[PDB]
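Some notes on the structure that comes next.
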Amino acid sequence: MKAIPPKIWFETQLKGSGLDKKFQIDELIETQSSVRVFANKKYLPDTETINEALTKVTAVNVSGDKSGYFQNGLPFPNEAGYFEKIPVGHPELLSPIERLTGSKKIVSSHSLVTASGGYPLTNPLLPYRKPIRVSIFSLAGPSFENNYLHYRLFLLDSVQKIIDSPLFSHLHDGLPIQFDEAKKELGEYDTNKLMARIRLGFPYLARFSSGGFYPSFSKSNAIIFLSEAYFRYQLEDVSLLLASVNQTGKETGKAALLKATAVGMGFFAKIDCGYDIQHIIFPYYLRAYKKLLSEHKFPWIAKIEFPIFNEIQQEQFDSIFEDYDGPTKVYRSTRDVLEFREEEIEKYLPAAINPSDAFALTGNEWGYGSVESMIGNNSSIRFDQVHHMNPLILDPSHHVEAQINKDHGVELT
Amino acid sequence: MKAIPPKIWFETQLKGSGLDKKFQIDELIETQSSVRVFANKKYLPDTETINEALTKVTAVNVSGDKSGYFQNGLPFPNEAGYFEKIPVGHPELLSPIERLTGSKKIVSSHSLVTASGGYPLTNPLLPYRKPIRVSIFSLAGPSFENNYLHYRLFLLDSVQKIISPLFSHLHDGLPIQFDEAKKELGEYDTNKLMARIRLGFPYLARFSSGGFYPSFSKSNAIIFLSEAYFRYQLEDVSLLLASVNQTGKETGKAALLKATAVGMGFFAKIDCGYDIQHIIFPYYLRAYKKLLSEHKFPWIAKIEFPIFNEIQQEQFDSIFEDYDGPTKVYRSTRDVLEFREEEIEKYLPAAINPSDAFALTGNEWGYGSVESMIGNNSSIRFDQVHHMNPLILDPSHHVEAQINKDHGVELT
Amino acid sequence: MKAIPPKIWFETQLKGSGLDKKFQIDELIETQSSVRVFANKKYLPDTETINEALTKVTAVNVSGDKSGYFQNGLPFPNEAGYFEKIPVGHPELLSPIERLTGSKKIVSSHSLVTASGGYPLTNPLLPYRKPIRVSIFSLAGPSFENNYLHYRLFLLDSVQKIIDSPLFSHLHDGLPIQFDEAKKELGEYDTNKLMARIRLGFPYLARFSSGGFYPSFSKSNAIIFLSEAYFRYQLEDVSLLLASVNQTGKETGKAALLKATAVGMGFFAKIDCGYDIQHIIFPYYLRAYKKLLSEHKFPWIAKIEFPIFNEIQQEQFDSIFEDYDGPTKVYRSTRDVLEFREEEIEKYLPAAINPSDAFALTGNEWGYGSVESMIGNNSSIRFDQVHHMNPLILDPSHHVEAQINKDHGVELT
Amino acid sequence: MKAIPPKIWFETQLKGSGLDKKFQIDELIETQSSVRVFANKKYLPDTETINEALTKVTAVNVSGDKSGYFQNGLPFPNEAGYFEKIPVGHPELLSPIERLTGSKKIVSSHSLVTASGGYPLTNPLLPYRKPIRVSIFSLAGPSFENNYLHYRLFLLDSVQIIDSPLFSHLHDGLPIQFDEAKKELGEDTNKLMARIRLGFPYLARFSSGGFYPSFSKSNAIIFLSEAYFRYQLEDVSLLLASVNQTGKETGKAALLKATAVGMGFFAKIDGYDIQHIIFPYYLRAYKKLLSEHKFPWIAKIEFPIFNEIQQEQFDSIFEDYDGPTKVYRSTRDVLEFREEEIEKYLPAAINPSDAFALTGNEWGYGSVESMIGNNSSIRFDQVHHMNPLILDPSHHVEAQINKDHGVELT
Ligand SMILES: Nc1ncnc2c1ncn2[C@@H]1O[C@H](COP(=O)(O)OP(=O)(O)OC[C@H]2O[C@H](O)[C@H](O)[C@@H]2O)[C@@H](O)[C@H]1O
Ligand SMILES: Nc1ncnc2c1ncn2[C@@H]1O[C@H](COP(=O)(O)OP(=O)(O)OC[C@H]2O[C@H](O)[C@H](O)[C@@H]2O)[C@@H](O)[C@H]1O
Ligand SMILES: Nc1ncnc2c1ncn2[C@@H]1O[C@H](COP(=O)(O)OP(=O)(O)OC[C@H]2O[C@H](O)[C@H](O)[C@@H]2O)[C@@H](O)[C@H]1O
Ligand SMILES: Nc1ncnc2c1ncn2[C@@H]1O[C@H](COP(=O)(O)OP(=O)(O)OC[C@H]2O[C@H](O)[C@H](O)[C@@H]2O)[C@@H](O)[C@H]1O
């Protein structure tokens with residue numbers, strides 16, 4: 001009912017959750033000073049815009065903005081379209097286009113981890129005898145939960161007949177961006193090299209011009225996924241990721257063991273929060289690693305472990321990486337994000353992706369309702385990567401600036 | 001080819017399935033504690049037998065035992081009669097007779113439902129905006145898919161001339177031998193107790209070599225003991241109605257019951273390609289009409305029969321044109337798990353899961369049948385499978401049902 | 001389009017068909033003197049009614065009065081319902097009720113037969129080297145081809161809810177005659193010991209209130225067949241036939257080999273000329289023989305051969321006659337009506353049923369369109385059993401008066 | 001028990017059926033003389049080979065050679081593999097491969113029809129007031145009912161490469177080995193092949209020989225979709241040419257009922273319906289051929305379609321279409337026509353037939369062919385026992401199908 005000051009609302013959640021009893025004063029000083037923000041320069045060109053991306057967010061945000069809390073603790077309004085109508089320059093909240101461009105960053109900390117597991121219902125909470133430290137790289141992947149985030153970059157349909165987003169125009173260079181021309185180019189096929197109709201198994205995913213989605217056995221209204229443009233987006237994300245992991249291992253003097261969590265393959269892969277696109281987009285996530293790991297050494301990333309639990313995903317992995325030559329070892333597992341053996345921790349920098357949200361504080365929801373929230377409950381990440389608790393995330397000396405060349409080489413600061 | 005511990009195998013299927021994506025641990029605690037097992041005392045007379053019926057099954061069972069997986073993940077053997085030969089008291093698997101007596105239970109749970117549709121290829125899968133709750137009653141009807149389950153109670157032929165003593169009450173003055181059945185019929189095909197199976201004008205016939213074929217001759221044509229089947233259906237449906245009614249009373253709301261055509265699909269095909277649903281459906285329907293005409297179910301407001309087949313549609317209309325009773329009866333072409341927000345507010349949503357007495361609830365993991373569609377659109381694999389919900393094995397979650405001579409059902 | 005005198009028209013068809021070239025003058029006088037009319041006196045009480053039955057008929061009549069010719073050569077009118085409206089006492093034509101009472105007679109002759117076969121498309125014309133003589137008994141069975149002949153005696157439906165035929169009320173004594181009540185007595189089941197819903201294999205045969213027939217999966221609207229009434233009808237026809245065949249053997253000094261053709265089981269078993277109920281009535285045909293042959297003596301009937309070509313019929317025969325203990329030998333064959341071999345002709349009186357029409361001249365159609373027309377082409381039956389050619393059929397000394405007691409014993413004149 | 005001379009056996013079945021009751025000797029002389037055999041010369045190049053395709057068959061064949069009767073009335077032998085081992089040249093029966101090449105013919109006849117409906121139990125048997133005449137074109141589609149007919153031309157699995165060499169043009173430019181084809185798809189469909197989707201599960205076959213649903217891509221079979229398309233283009237262009245020719249000789253344009261040949265019993269592997277996979281290539285063969293050639297004696301083509309997926313695929317594939325022959329779908333039984341249509345048009349219909357049974361096949365009402373066999377005079381017109389004219393070269397039409405898919409006739 002009444003709005004609370006945001007720091008005080010956040011610390012009220014730390015007390016209620018019990019997380020303010022897990023970590024000692026001196027431990028939080030260590031993990032908090034290790035915070036880094038790797039910002040893609042093309043999208044986050046200076047200290048003001050980075051710090052706007054980190055602060056002009058809600059506190060809890062799920063179901064594609066349909067429910068959650070503002071930083072002052074008041075609930076989202078019941079009026080749909082509230083967040084899609086936010087203009088650039090709003091004083092408190094990122095606009096849609098600023099949520100896309102502000103997604104081109106990675107926040108890392110060498111955080112304390114007291115437990116692993118707990119999120120998927122069948123994955124028990126397993127406490128560590130004593131806390132370990134993992135470098136956690138928070139990466140907010142493409143979201144398809146609503147119609148006005150990355151839906152606007154990678155889908156052609158009867159309501160969104162053209163792609164319009166000049167800031168991401170490089171993603172569509174030489175690629176079709178109009179719905180009708182795309183249907184003719186495909187002909188009587190579902191796929192070509194640059195694009196593919198979406199199948200949910202056998203039926204098509206279609207959208208009425210009215211606006212609502214529906215499965216159909218007809219090609220006519222079947223939405224088309226701009227797969228090569230999505231692949232170009234992933235190459236920007238994974239490029240930044242591997243560069244900032246490699247750099248973290250270098251500064252530590254230990255090669256990384258990286259848990260390549262399936263960013264964006266869960267909640268973010270559900271168009272309208274109900275049509276699972278994961279089997280379509282996941283191969284391009286995997287091919288973005290394969291391309292980068294075959295063209296660069298990453299001498300301080302020793303091995304990349306892909307936690308993969310679904311049989312189709314597993315065989316997509318085995319198929320994409322049958323070829324894989326590169327020096328970094330790549331392999332899949334059914335092990336939890338935050339589970340490491342004591343032997344690997346002595347040998348490698350333990351590192352893991354937090355599949356995050358560019359419009360919520362790090363940790364997002366306070367239950368075990370997602371991977372990020374699980375991590376937010378098993379680690380010090382809400383102290384280390386939330387500006388209310390760690391002002392250093394706002395300090396420019398904790399920002400690394402990233403320039404992604406055309407070969408996808410990354411130069412850091 | 002290495003065995004996995006059954007709970008761990010199940011959890012692995014759950015984890016990879018992704019069906020639980022919208023389930024909250026707070027809700028699963030609720031749904032799982034709602035689980036009940038209504039066991040016909042005549043066939044399932046103690047905790048041990050009920051719990052054996054719940055657990056000594058396969059994980060997945062395709063095509064009436066033709067293939068699948070055991071709970072340890074290992075495939076079915078490539079050898080015929082393997083399941084037919086299982087004796088009572090086998091350490092892991094129910095025997096054929098135990099599969100018959102073990103379908104005299106009903107497993108229910110007020111499960112979460114996240115989508116409806118999906119099973120028949122033509123039936124679009126449709127996500128709910130917000131997960132709803134439906135009390136889902138799992139009932140494995142008679143199976144004719146192979147010839148060593150319910151085929152042995154309701155059909156006479158030249159391979160099984162007469163061929164079960166715990167079901168002897170199902171044949172009162174009903175003949176027992178194939179040759180005697182042919183004589184009592186004479187030149188006709190039907191009396192008040194049995195009937196040959198018309199596929200149209202030809203009959204269904206069995207070579208003494210096994211294997212079925214159409215025939216205009218009456219000498220190999222099989223004979224269906226329709227009265228024993230009707231009595232069996234009265235035992236299922238009265239247990240069903242009593243379970244639904246008692247469930248309504250406990251939540252203090254009358255039920256909207258989806259009366260799924262249990263046993264009218266995969267379970268109604270003999271030898272791959274001989275559908276007999278047009279002959280058995282009326283006795284399924286008349287079971288309801290008798291019980292609804294002789295009893296008040298004050299906590300069942302209405303029973304909607306989803307019916308997609310013209311013959312079934314006409315058989316329903318003709319059977320219930322008499323119908324007067326208080327609980328309303330009608331038919332639709334609506335998906336079993338599709339309910340309107342208005343009906344959820346007014347009624348306990350209820351639906352039958354047409355299940356399998358030899359597989360874990362949900363059975364197959366695709367969308368290849370009504371049960372597995374339900375197993376993917378709901379939390380039923382968390383609520384009605386002992387690996388995830390040990391409450392189902394707990395005698396405080398069992399209701400013992402005694403079905404009397406007037407078919408009244410006394411509960412616990 | 002101009003009327004011809006009936007005897008002249010009949011002779012034009014005899015010449016047109018080649019029938020006038022087949023028999024010698026003196027042979028035809030012998031065959032013509034043998035004509036007999038066995039008339040059930042309960043229905044045909046005097047010479048005048050018997051002669052009206054024989055003469056007040058069409059020339060050819062098929063499809064339940066839809067097609068054919070009058071005896072003056074004109075085509076039937078287009079008025080649907082013309083024959084249904086014919087009153088008792090019309091100058092030239094039997095009324096529907098007189099057509100029922102009129103089929104309680106049998107017209108026989110010891111006729112010449114020049115060939116067997118020719119009718120069913122699979123049954124080849126087989127000439128005899130020399131013409132033989134067969135005693136041919138013309139018997140018009142129940143017809144269901146339209147709604148206003150025997151349909152009025154044995155069927156209950158939504159438009160014909162009660163059977164109102166006082167002349168046939170002994171057939172229905174103590175039996176149900178009202179549709180609604182009958183559905184109630186049948187109840188859940190399809191078959192009484194007195195009635196049965198009609199099934200065309202799996203579906204029901206039903207009739208709308210608006211008059212039309214249709215197959216249905218519902219038992220509401222399903223027409224009900226009064227099987228016990230029809231059985232009592234068959235006992236009248238069959239005891240008149242055996243009595244008259246028996247008497248014919250007696251006057252010949254030889255015992256009959258009777259070809260018991262399946263009268264009423266072809267064209268006449270098709271309700272509306274489209275819905276075959278042959279499989280329902282045939283058992284009552286066979287049971288009439290089995291009853292009568294078991295309870296009465298026929299010392300001039302050596303054996304009875306049932307030509308039966310349909311597999312169900314065959315199995316109905318075998319099942320109905322397994323129990324048969326009576327003195328006269330009964331069996332089935334697939335041999336043509338008129339086909340006898342030399343030794344049978346010498347040992348026995350060859351006898352055969354002509355399944356006739358009570359409202360056409362004997363022979364009926366002139367092609368090979370039916371059992372009757374086949375006989376009509378292979379034999380002298382059109383010279384012998386048609387009054388234009390043989391006025392003796394009109395002479396009361398050629399009429400035999402048959403009385404049928406309660407026991408179904410028959411006294412003749 | 002004891003063999004019967006085949007002509008005698010067939011007449012026995014006919015006489016007991018009752019189906020000829022409204023047929024007149026005079027009419028049968030006409031229907032029988034209308035018989036024609038349109039043979040693709042590429043597969044049936046002479047009178048001898050055509051007459052062998054017509055006569056060296058079983059009488060009735062149930063469930064893909066599982067049960068039936070030979071033309072002498074004896075049952076099938078209780079020996080699995082009997083029919084797969086029939087050799088080329090056997091004295092009485094076609095080998096599997098001759099069963100494939102023997103499918104490339106169409107037997108037509110302007111037959112009497114006394115009723116429509118009956119086959120699907122749900123479909124009412126409705127007698128015509130008077131018998132009509134319908135030019136019925138018997139065409140046997142690909143059979144996938146067992147593994148040794150057309151399964152060998154179009155599927156790849158773990159239990160075998162395609163082996164059949166007179167159908168090599170169907171594969172000219174397409175791959176021929178299961179393992180290597182698994183690697184092309186990599187991560188399920190390309191321009192020439194596709195895995196079979198039952199939904200999210202694939203259809204798999206393990207080496208033991210059975211079929212089973214699977215989420216794994218390792219025993220999942222694979223469909224030479226482009227090979228099948230080229231096969232359908234041979235069938236449909238023969239079908240359209242012969243229908244067009246029959247119109248031209250009657251002086252009437254055809255109303256063709258384009259029955260969903262091969263999409264029912266013939267689409268079931270092992271109960272594993274693949275109809276949703278193959279039906280679009282059947283439809284696309286009509287669309288291609290009708291857009292690129294003229295059939296001045298085909299007025300319109302009514303596709304009877306009863307399944308929601310088929311209907312949506314039809315609407316989608318023919319949305320584009322603007323050829324001059326009208327195309328539309330219906331839910332009307334094959335043999336059901338209106339008075340006005342019979343008068344205006346040449347009624348015409350595909351009988352989805354069997355290449356290894358006498359036309360009509362089973363004698364119940366358990367399929368479209370056997371429904372047609374009971375509702376028409378097709379058993380008198382298109383079976384050599386009753387109509388020796390079907391064996392006469394003057395009733396055979398030689399079809400030559402060029403590479404543009406135009407068809408020259410005789
Ligand atoms: N314990 C686990 N260990 C490793 N991987 C896992 C685990 N559990 C699930 N996964 C895999 O990790 C995949 C991704 O899990 P998701 O949490 O849905 O991430 P998103 O990027 O799609 O959605 C981001 C939003 O959800 C949150 O609210 C954020 O704050 C955002 O609002 C899962 O599908 C599994 O494949
Ligand atoms: N979406 C639907 N909603 C309601 N009813 C439906 C629906 N789809 C079909 N039906 C009707 O519901 C009827 C029954 O559907 P079936 O799945 O064959 O149930 P069974 O009792 O015969 O076989 C149970 C076995 O199959 C499974 O593997 C189980 O695990 C068992 O192994 C259908 O015929 C339709 O009339
Ligand atoms: N060659 C044969 N030999 C013996 N029986 C035969 C033969 N051919 C057929 N049948 C059997 O004989 C059965 C009856 O033959 P039907 O000709 O239909 O007589 P109806 O009594 O029903 O119709 C009488 C009307 O047809 C005429 O126009 C009359 O004049 C009437 O108008 C057939 O079904 C066969 O089982
Ligand atoms: N009344 C109908 N009218 C039009 N189409 C229909 C109708 N009924 C079903 N269909 C549609 O048309 C398809 C029915 O075709 P099918 O009879 O299964 O023929 P096949 O080519 O698959 O197999 C032929 C074999 O079965 C026989 O024994 C033959 O002798 C062969 O042995 C259905 O799938 C419907 O879409």
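Letters go in sequence order (proteins before strands), and every chain restarts at 1. Note that ligands are numbered from 1 as they come in the structure, with each ligand's atoms numbered from 1 the same way.
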Per-ligand residue contacts, ligand 3, heavy-atom threshold under 4.0 Å: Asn61(C), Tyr119(C), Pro120(C), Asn123(C), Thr261(C), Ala262(C), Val263(C), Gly264(C), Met265(C), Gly266(C), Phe267(C), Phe268(C), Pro307(C), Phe309(C), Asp336(C), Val337(C), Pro355(C), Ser356(C), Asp357(C), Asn364(C), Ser370(C), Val371(C), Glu372(C), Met374(C), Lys21(D)
Stepwise salt bridge (charged side-chain N to carboxylate O under 4.0 Å, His left out) check, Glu302(D) with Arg329(D): CA-CA 5 Å; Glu302(D) 166 172 337; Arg329(D) 59 171 168 92; over 6 Å; no
With sequence neighbours excluded, residues passing side-chain hydrogen bond (donor to acceptor under 3.5 Å, both in side chains) with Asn374(D): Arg379(D)
Residues which pass side-chain hydrogen bond (donor to acceptor under 3.5 Å, both in side chains) with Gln316(C), listed by chain and number, not counting sequence neighbours: none
Results of salt bridge (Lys or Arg N to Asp or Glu O under 4.0 Å) for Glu11(D) - residues two or more places apart only: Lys7(D)
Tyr69(C) atom OH, neighbour heavy-atom count above 12 within 6.0 Å: no
NZ or CZ of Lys66(D) within 45° of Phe83(D) ring axis and under 6.0 Å: no
